[PDB]
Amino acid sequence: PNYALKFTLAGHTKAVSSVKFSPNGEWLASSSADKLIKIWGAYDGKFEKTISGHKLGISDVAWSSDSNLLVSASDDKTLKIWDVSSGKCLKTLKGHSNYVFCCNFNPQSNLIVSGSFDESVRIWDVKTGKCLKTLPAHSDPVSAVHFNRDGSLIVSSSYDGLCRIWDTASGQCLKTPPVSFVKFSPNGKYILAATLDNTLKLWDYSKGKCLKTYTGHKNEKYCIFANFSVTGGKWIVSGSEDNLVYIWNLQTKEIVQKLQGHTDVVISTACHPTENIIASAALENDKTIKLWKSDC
């Protein structure tokens, strides 16, 4: 690939914590320690709106499948569901007893999953805003939560060193160095897992075996989002503590590009759902989001 900087998105006044493309490809949402959500054009980075209401900083945000709703996870111990068009907070999800770190809708988008410093994973009904289940998932803060492609499975990770797979319907555990990030692959068959020893691993979840290992980046301190890029060449994409975006060939594990431009830890990356476009965001020395485009 030949990802090249096209736009730099400024506006947040503290570290940016997460960026996510809307499933319809129109928008990029960002969250920040500055308690704000910002929406930007996905293709030209054009600032669209600020969404406000959380009383403390935000760690994560995620889109509904129809791109109409956002959910945000905050240090104020709540999640908020937002109508993106109006910017209004529709529901406040109350129940966690510590910071909410990570969140995601299921594909049907009737449910939200959340992970917290209170070591629990919670499952929420989008329409009532009520907590359906509280999973005693981990013995340390939960670093990632993600649904598989039909919402039947939740994968979670934690600084307790574990990755667990949960049955959404029953909340019961199906299968079991800090694990700083996990997420299901685009075909459902794999889980990509980060550990705080500068290592990413591709796991066959059905077989329970590590298939590929990716190294070269720096990751000993922060939970950093990683991604599958599927619109062109099949890559793994991750931020890094040396301020670079790393892009590996999924099959060969070779680094194929390093994106230079940020001036702090690249805490979050995201891949556009249909075009060869990457968003990246960095910590407090930088506070900008960068949009990179590749011809392949």
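In case it trips you up, residue 1 is the first one in the sequence shown, and so on.
- The entry shows an unbroken chain from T128 to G129, with no unmodelled residues of the deposited sequence in between.
- As listed in the deposited structure, the average C-alpha B-factor of 203 to 211 and of 152 to 160 is greater for 203 to 211.
- Mean CA B-factor, 63 to 71 versus 251 to 259: the higher value falls on 251 to 259.
- Of all the options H138, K80, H96, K175, the entry's greatest CA B-factor is assigned to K175.
- Per the deposited record, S185 carries the highest C-alpha B-factor of all listed residues (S185, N106, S120, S180).
- Among all modelled residues in its chain, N285 ranks in the highest third by Cα B-factor.
- Annotation for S18: CA B-factor lies in the lowest third of the chain's modelled residues.
- For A33, the recorded CA temperature factor ranks within the highest third of the chain's modelled residues.
- Looking at the C-alpha B-factors along this chain, the one for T168 belongs to the middle third.
- The entry lists a Cα temperature factor for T274 that places it in the highest third of the chain's modelled residues.
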